[PDB]
């Protein structure tokens, strides 16, 4: 999964970009739900949130390291596809 760091400026532009609805506004910064973040695999070749973030604060989550096979399995479960 990806995660949103403390550098987030609460600009909102990533939230509508997520195909799985994984992003929401938290108490201090935006937050990714790791159960819905596929790192966009199955939808886009690259994470869509990273492409619009103005401060590049959406890195890989070190606490949630996943393979392409794992992410694609998550995509199938979320989408039924």
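Numbering follows the first chain given and starts at 1.
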*For residue 33, the third of its chain into which the C-alpha B factor falls*: lowest
*How does residue 67 rank on Cα B-factor within its chain, lowest, middle or highest third?*
middle
*Which third, lowest, middle or highest, does the CA B-factor of residue 27 fall in along this chain?*
highest
*Going by the recorded CA B-factors, say which third of the chain residue 55 sits in, lowest, middle or highest.*
highest
*Could you tell me which third, lowest, middle or highest, the C-alpha B-factor of residue 45 occupies within its chain?*
middle
